[PDB]
Amino acid sequence: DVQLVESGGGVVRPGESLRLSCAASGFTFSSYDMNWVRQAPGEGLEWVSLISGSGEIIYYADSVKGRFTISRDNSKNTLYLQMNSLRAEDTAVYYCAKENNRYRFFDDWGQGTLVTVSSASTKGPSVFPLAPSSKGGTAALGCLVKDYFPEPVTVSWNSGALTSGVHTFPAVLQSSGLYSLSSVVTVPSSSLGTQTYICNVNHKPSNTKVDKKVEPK
Amino acid sequence: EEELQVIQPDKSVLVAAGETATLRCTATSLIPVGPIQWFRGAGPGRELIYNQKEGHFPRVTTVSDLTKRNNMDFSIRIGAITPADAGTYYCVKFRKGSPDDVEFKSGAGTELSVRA
Amino acid sequence: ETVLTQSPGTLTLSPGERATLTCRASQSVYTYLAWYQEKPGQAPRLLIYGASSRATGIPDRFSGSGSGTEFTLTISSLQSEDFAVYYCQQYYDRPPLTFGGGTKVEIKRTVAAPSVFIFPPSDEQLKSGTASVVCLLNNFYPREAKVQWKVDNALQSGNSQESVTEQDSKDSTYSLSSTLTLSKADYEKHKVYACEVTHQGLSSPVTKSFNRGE
């Protein structure tokens, strides 16, 4: 069917440049207007740019006007977005969208690709235990996964053998430009002498793996 | 007789600077009776580009003869196009009303781009 | 430009109920209004174009109506996959093309009190010059909760951050973490660290606290 595959997104610093590609298939790429739409984390959809099927009619949103340049290559069935002098506010998932023949609504969308504009440098996380309290009923314990960049980190418990009752919270961006995150689990307080609980943290962008044992006291 | 529809078939029109731009528009009925007007832009800051009723518009020529009783073609031509003419152009049907004519239905609009 | 406003931001309905989402335009767009669906983590997809036309392959329970400045997207019977975010988009006035802010349809369920836990900073973290105090609120509904940090009875503003999970796939509840971040110096100047939680499911606010050094 209709397919739109995006690529090129990544982590860049303020003032630097990126290039996004949207490779199309399953339709005549040359006769459709194409658009870029972005969605900042936690925010709504925002129109970025559009280019006519012929490539000569082009509009930009005001917030990117003069920094972004849209273009297409019908010979390769790919749409491009050249982002220059990126700002922090440019951090978003970028979608490519195919317009309807007559009107400016979007019939098909790509899967999206993520652009992060940040000054922070790659840093693996420190992992600290959230020890269960000695007070038996039900007990909670966890791992505090603090000061890493960029996203994501993955957390598993007992190498995936512990899945029920686990909550791994969305990461929060602290003012230092680094991310932090807790992962907690509910366990029977009766089992705090029997079973051992280890959180396995994986931060691929820094080749960090930490396996931190969490125990009382 | 179906309800009146204003049809602008062209998403976009590309014109070289100095040439003449053609903006297509068709009304599917003559009820209600009332004039067609062309605007650039939407909202209260609309620029009046043409008015079938009254007024002088030296750059604008209608494709068809509007004085025809049966006419439904309201396409216009804009001569001596400069980059200042770029924008989205709307073909809007009005109905006579009390004292003045009031907006009835609008076409979807056509974007005009200069220098091909 | 034309501004689209969708109200409310969050719509709370039980499965199988009717959903009625509104989209109001600051000036008329006639019939040139589309609706998009965004399930969690997926790309948007077109549901409705021309205010009332159903897109190809879109289930029948979706229907759109309205014109001018007032539009409505209706879902006749909510299925599990319908709890998502919905955006309206106008294409009469352009450029720019503008979107509404989005309405998220959340699963309604009975009230669930949070279970509250507090965690002091570990000795390993104190050995690096910083202190994080974590307050956990587990499996509660609805989302609204007031989490209040007191250190030696002084209330703490500007040094905590909350994080909330999405509705659990099994029981549709939320969980929340509040993290108080202090320097190691500031943390040792005080003794009693308490997290106080007010929630509709609690007959009385619940407080968890610890004395530094056990």
# chains A, B, ... in the order shown; residues from 1 in each chain; ligands from 1
>>> residues_around(residues="residue 76 (chain A)", least_positions_apart="3", cutoff="9 Å", atoms="only C-alpha atoms", output="ChimeraX atom specification")
/A:23-24,72-73,79
>>> residues_around(residues="residue 110 (chain A)", least_positions_apart="5", cutoff="12 Å", atoms="only C-alpha atoms", output="PDB file with C-alpha atoms, in the first residue's frame")
ATOM      1  CA  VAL A   2       1.015   3.637   0.545  1.00  0.00           C
ATOM      2  CA  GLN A   3       4.229   3.825   2.566  1.00  0.00           C
ATOM      3  CA  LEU A   4       6.294   6.724   3.928  1.00  0.00           C
ATOM      4  CA  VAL A   5       9.562   5.885   5.706  1.00  0.00           C
ATOM      5  CA  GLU A   6      11.372   8.651   7.572  1.00  0.00           C
ATOM      6  CA  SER A   7      14.958   8.836   8.751  1.00  0.00           C
ATOM      7  CA  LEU A  20      15.381  14.439   7.280  1.00  0.00           C
ATOM      8  CA  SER A  21      14.272  12.095   4.513  1.00  0.00           C
ATOM      9  CA  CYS A  22      10.835  10.633   3.752  1.00  0.00           C
ATOM     10  CA  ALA A  23      11.033   7.769   1.241  1.00  0.00           C
ATOM     11  CA  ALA A  24       7.676   7.068  -0.420  1.00  0.00           C
ATOM     12  CA  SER A  25       6.266   4.021  -2.195  1.00  0.00           C
ATOM     13  CA  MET A  34       4.033  16.742   0.663  1.00  0.00           C
ATOM     14  CA  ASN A  35       4.157  18.249   4.147  1.00  0.00           C
ATOM     15  CA  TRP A  36       6.245  18.137   7.293  1.00  0.00           C
ATOM     16  CA  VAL A  37       4.344  18.120  10.600  1.00  0.00           C
ATOM     17  CA  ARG A  38       5.991  18.072  14.032  1.00  0.00           C
ATOM     18  CA  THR A  78      12.082  11.011  -1.323  1.00  0.00           C
ATOM     19  CA  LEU A  79      11.094  14.208   0.457  1.00  0.00           C
ATOM     20  CA  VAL A  93       8.855  14.026  16.346  1.00  0.00           C
ATOM     21  CA  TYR A  94       8.705  15.014  12.670  1.00  0.00           C
ATOM     22  CA  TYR A  95       6.111  13.397  10.407  1.00  0.00           C
ATOM     23  CA  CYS A  96       5.899  13.557   6.639  1.00  0.00           C
ATOM     24  CA  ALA A  97       2.355  13.701   5.312  1.00  0.00           C
ATOM     25  CA  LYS A  98       0.837  13.267   1.834  1.00  0.00           C
TER      26      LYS A  98
ATOM     27  CA  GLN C  42       1.609   5.779  16.726  1.00  0.00           C
ATOM     28  CA  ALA C  43       1.530   8.269  13.901  1.00  0.00           C
ATOM     29  CA  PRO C  44      -1.694  10.233  13.397  1.00  0.00           C
ATOM     30  CA  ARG C  45      -4.234   8.914  10.913  1.00  0.00           C
TER      31      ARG C  45
END
>>> interface_residues(of="chain C", to="chain A", cutoff="7 Å", atoms="only C-alpha atoms", output="VMD selection string")
chain C and resid 34 43 to 46 91 96 to 99 101 to 102 119 122 124 to 125 163 to 165
>>> atom_distance(atom1="CA of residue 115 (chain A)", atom2="CA of residue 16 (chain A)")
11.8 Å
>>> interface_residues(of="chain C", to="chain B", cutoff="7 Å", atoms="only C-alpha atoms", output="ChimeraX atom specification")
/C:27,92-93
>>> interface_residues(of="chain B", to="chain A", cutoff="8 Å", atoms="only C-alpha atoms", output="list in words")
residues 9, 10, 11, 14, 113 and 116 of chain B
>>> residues_around(residues="residue 4 (chain B)", least_positions_apart="4", cutoff="8 Å", atoms="only C-alpha atoms", output="JSON, numbers by chain")
{"B": [27, 28, 29, 30, 31, 32, 105]}
>>> residues_around(residues="residue 143 (chain C)", least_positions_apart="4", cutoff="10 Å", atoms="only C-alpha atoms", output="NGL selection string")
:C and (111-112 or 139 or 164-167 or 173-176 or 199-200)
>>> write_last_selection(atoms="N, CA and C atoms", output="mmCIF file, in the first residue's frame")
data_model
loop_
_atom_site.group_PDB
_atom_site.id
_atom_site.type_symbol
_atom_site.label_atom_id
_atom_site.label_comp_id
_atom_site.auth_asym_id
_atom_site.auth_seq_id
_atom_site.Cartn_x
_atom_site.Cartn_y
_atom_site.Cartn_z
ATOM 1 N N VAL C 111 -13.278 5.066 41.724
ATOM 2 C CA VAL C 111 -12.227 5.745 42.466
ATOM 3 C C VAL C 111 -11.322 4.717 43.131
ATOM 4 N N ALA C 112 -10.011 4.959 43.071
ATOM 5 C CA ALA C 112 -9.004 4.069 43.643
ATOM 6 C C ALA C 112 -8.016 4.894 44.451
ATOM 7 N N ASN C 139 -1.140 3.082 41.890
ATOM 8 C CA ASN C 139 -2.408 2.488 41.439
ATOM 9 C C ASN C 139 -3.628 3.252 41.958
ATOM 10 N N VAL C 164 4.116 10.808 35.960
ATOM 11 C CA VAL C 164 2.920 9.969 36.003
ATOM 12 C C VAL C 164 2.945 8.987 34.839
ATOM 13 N N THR C 165 2.615 7.728 35.122
ATOM 14 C CA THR C 165 2.466 6.727 34.079
ATOM 15 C C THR C 165 1.128 6.898 33.365
ATOM 16 N N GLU C 166 1.025 6.270 32.199
ATOM 17 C CA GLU C 166 -0.249 6.153 31.511
ATOM 18 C C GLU C 166 -1.142 5.158 32.234
ATOM 19 N N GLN C 167 -2.428 5.184 31.888
ATOM 20 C CA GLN C 167 -3.381 4.259 32.491
ATOM 21 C C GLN C 167 -2.913 2.822 32.288
ATOM 22 N N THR C 173 -5.526 2.225 36.216
ATOM 23 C CA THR C 173 -5.116 3.191 37.228
ATOM 24 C C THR C 173 -3.866 3.950 36.792
ATOM 25 N N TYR C 174 -3.528 4.983 37.568
ATOM 26 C CA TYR C 174 -2.294 5.742 37.430
ATOM 27 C C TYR C 174 -1.351 5.444 38.592
ATOM 28 N N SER C 175 -0.073 5.698 38.353
ATOM 29 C CA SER C 175 0.937 5.731 39.399
ATOM 30 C C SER C 175 1.769 6.990 39.200
ATOM 31 N N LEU C 176 2.282 7.524 40.295
ATOM 32 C CA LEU C 176 2.977 8.803 40.282
ATOM 33 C C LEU C 176 4.200 8.755 41.194
ATOM 34 N N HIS C 199 -5.964 12.877 48.148
ATOM 35 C CA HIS C 199 -6.617 12.274 46.998
ATOM 36 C C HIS C 199 -8.051 11.942 47.383
ATOM 37 N N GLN C 200 -8.921 12.013 46.377
ATOM 38 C CA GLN C 200 -10.349 11.788 46.555
ATOM 39 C C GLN C 200 -10.633 10.423 47.175
#
>>> select_by_dssp(residues="region 10-161 of chain A", states="helix (DSSP H, G or I)", output="short mmCIF file (atom, residue, chain, number, x, y, z; two decimals) with C-alpha atoms, in the first residue's frame")
data_model
loop_
_atom_site.label_atom_id
_atom_site.label_comp_id
_atom_site.auth_asym_id
_atom_site.auth_seq_id
_atom_site.Cartn_x
_atom_site.Cartn_y
_atom_site.Cartn_z
CA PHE A 29 5.22 10.57 -5.73
CA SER A 30 5.49 13.30 -8.37
CA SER A 31 1.81 14.33 -8.39
CA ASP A 62 6.66 31.41 10.70
CA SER A 63 8.63 29.77 13.54
CA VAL A 64 10.96 28.00 11.06
CA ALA A 88 15.68 23.94 21.56
CA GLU A 89 12.05 24.51 20.55
CA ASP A 90 12.71 22.40 17.45
#
>>> residues_around(residues="residue 154 (chain A)", least_positions_apart="3", cutoff="8 Å", atoms="only C-alpha atoms", output="VMD selection string")
chain A and resid 200 to 203
>>> residues_around(residues="residue 82 (chain B)", least_positions_apart="2", cutoff="10 Å", atoms="only C-alpha atoms", output="list in words")
residues 15, 16, 17, 18, 19, 20, 79, 80, 84, 85, 86, 113, 114 and 115 of chain B
>>> residues_around(residues="residue 153 (chain C)", least_positions_apart="4", cutoff="10 Å", atoms="only C-alpha atoms", output="ChimeraX atom specification")
/C:149,190,192-194
>>> select_by_dssp(residues="region 4-161 of chain A", states="strand (DSSP E)", output="MDAnalysis selection string")
chainID A and resid 4:7 11:12 18:25 34:39 45:51 58:60 68:73 78:83 92:99 106:109 113:117 126:130 138:148 154:157
>>> closest_residue(among="C:203, C:181, C:90, C:169", to="residue 5 (chain C)", atoms="only C-alpha atoms")
C:90
>>> decode(residues="region 146-173 of chain A", atoms="N, CA, C and O atoms", output="CSV table (one decimal), in the first residue's frame")
chain,number,residue,atom,x,y,z
A,146,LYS,N,19.4,8.1,37.5
A,146,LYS,CA,19.6,9.6,37.5
A,146,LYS,C,20.8,10.0,36.7
A,146,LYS,O,21.8,9.3,36.6
A,147,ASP,N,20.6,11.2,36.0
A,147,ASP,CA,21.6,11.9,35.3
A,147,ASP,C,22.2,11.1,34.1
A,147,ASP,O,23.4,10.8,34.0
A,148,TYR,N,21.4,11.0,33.0
A,148,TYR,CA,21.8,10.4,31.8
A,148,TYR,C,21.3,11.2,30.6
A,148,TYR,O,20.3,11.9,30.7
A,149,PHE,N,22.0,11.0,29.5
A,149,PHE,CA,21.7,11.7,28.3
A,149,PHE,C,22.3,11.0,27.1
A,149,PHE,O,23.5,10.5,27.2
A,150,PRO,N,21.6,10.8,26.0
A,150,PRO,CA,20.2,11.2,25.8
A,150,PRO,C,19.3,10.0,26.2
A,150,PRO,O,19.7,9.0,26.7
A,151,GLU,N,18.0,10.2,25.9
A,151,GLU,CA,17.1,9.1,26.0
A,151,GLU,C,17.3,8.0,24.9
A,151,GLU,O,17.9,8.4,23.9
A,152,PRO,N,16.9,6.8,25.1
A,152,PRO,CA,16.2,6.3,26.3
A,152,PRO,C,17.1,5.4,27.2
A,152,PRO,O,18.3,5.2,26.9
A,153,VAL,N,16.5,5.0,28.3
A,153,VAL,CA,17.1,3.9,29.1
A,153,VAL,C,16.0,2.9,29.2
A,153,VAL,O,14.8,3.2,29.2
A,154,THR,N,16.4,1.6,29.3
A,154,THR,CA,15.5,0.5,29.6
A,154,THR,C,15.8,0.0,31.0
A,154,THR,O,16.9,-0.1,31.4
A,155,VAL,N,14.7,-0.4,31.7
A,155,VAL,CA,14.8,-1.0,33.0
A,155,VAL,C,14.0,-2.3,33.0
A,155,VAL,O,12.9,-2.3,32.5
A,156,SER,N,14.7,-3.4,33.4
A,156,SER,CA,14.0,-4.7,33.7
A,156,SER,C,14.4,-5.1,35.1
A,156,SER,O,15.2,-4.5,35.7
A,157,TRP,N,13.6,-6.0,35.6
A,157,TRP,CA,13.8,-6.5,37.0
A,157,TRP,C,14.0,-8.0,36.9
A,157,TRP,O,13.3,-8.8,36.3
A,158,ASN,N,15.1,-8.4,37.6
A,158,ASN,CA,15.5,-9.8,37.7
A,158,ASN,C,15.6,-10.4,36.3
A,158,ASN,O,15.3,-11.6,36.0
A,159,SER,N,16.2,-9.6,35.4
A,159,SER,CA,16.4,-10.0,34.0
A,159,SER,C,15.1,-10.4,33.3
A,159,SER,O,15.0,-11.5,32.6
A,160,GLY,N,14.1,-9.6,33.5
A,160,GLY,CA,12.8,-9.9,32.8
A,160,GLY,C,11.9,-10.9,33.5
A,160,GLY,O,10.7,-11.1,33.2
A,161,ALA,N,12.4,-11.6,34.5
A,161,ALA,CA,11.6,-12.6,35.3
A,161,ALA,C,10.6,-11.9,36.2
A,161,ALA,O,9.7,-12.6,36.7
A,162,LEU,N,10.7,-10.6,36.4
A,162,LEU,CA,9.8,-9.9,37.3
A,162,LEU,C,9.2,-8.8,36.4
A,162,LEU,O,9.9,-7.9,36.0
A,163,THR,N,7.9,-9.0,36.1
A,163,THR,CA,7.2,-8.1,35.2
A,163,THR,C,5.9,-7.6,35.9
A,163,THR,O,5.5,-6.4,35.6
A,164,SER,N,5.3,-8.3,36.8
A,164,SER,CA,4.0,-7.9,37.4
A,164,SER,C,4.3,-6.9,38.5
A,164,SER,O,5.2,-7.1,39.3
A,165,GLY,N,3.5,-5.9,38.5
A,165,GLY,CA,3.6,-4.8,39.5
A,165,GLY,C,4.7,-3.8,39.3
A,165,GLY,O,4.9,-3.0,40.2
A,166,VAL,N,5.3,-3.8,38.1
A,166,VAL,CA,6.4,-2.9,37.8
A,166,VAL,C,5.9,-1.7,37.2
A,166,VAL,O,5.0,-1.7,36.2
A,167,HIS,N,6.3,-0.5,37.6
A,167,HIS,CA,6.0,0.8,37.0
A,167,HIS,C,7.3,1.5,36.8
A,167,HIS,O,8.1,1.7,37.7
A,168,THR,N,7.6,1.8,35.5
A,168,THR,CA,8.8,2.5,35.2
A,168,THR,C,8.4,3.9,34.6
A,168,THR,O,7.7,4.0,33.6
A,169,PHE,N,8.7,5.0,35.4
A,169,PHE,CA,8.0,6.2,35.1
A,169,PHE,C,8.6,6.9,33.9
A,169,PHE,O,9.8,6.6,33.5
A,170,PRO,N,7.9,7.8,33.2
A,170,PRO,CA,8.5,8.5,32.1
A,170,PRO,C,9.6,9.4,32.6
A,170,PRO,O,9.5,9.9,33.7
A,171,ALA,N,10.7,9.5,31.8
A,171,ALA,CA,11.8,10.3,32.2
A,171,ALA,C,11.5,11.7,32.3
A,171,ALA,O,10.6,12.2,31.6
A,172,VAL,N,12.1,12.4,33.3
A,172,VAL,CA,11.9,13.8,33.5
A,172,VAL,C,13.2,14.5,33.2
A,172,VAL,O,14.3,14.1,33.6
A,173,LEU,N,13.1,15.6,32.4
A,173,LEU,CA,14.3,16.4,32.1
A,173,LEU,C,14.6,17.5,33.2
A,173,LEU,O,13.7,18.4,33.4
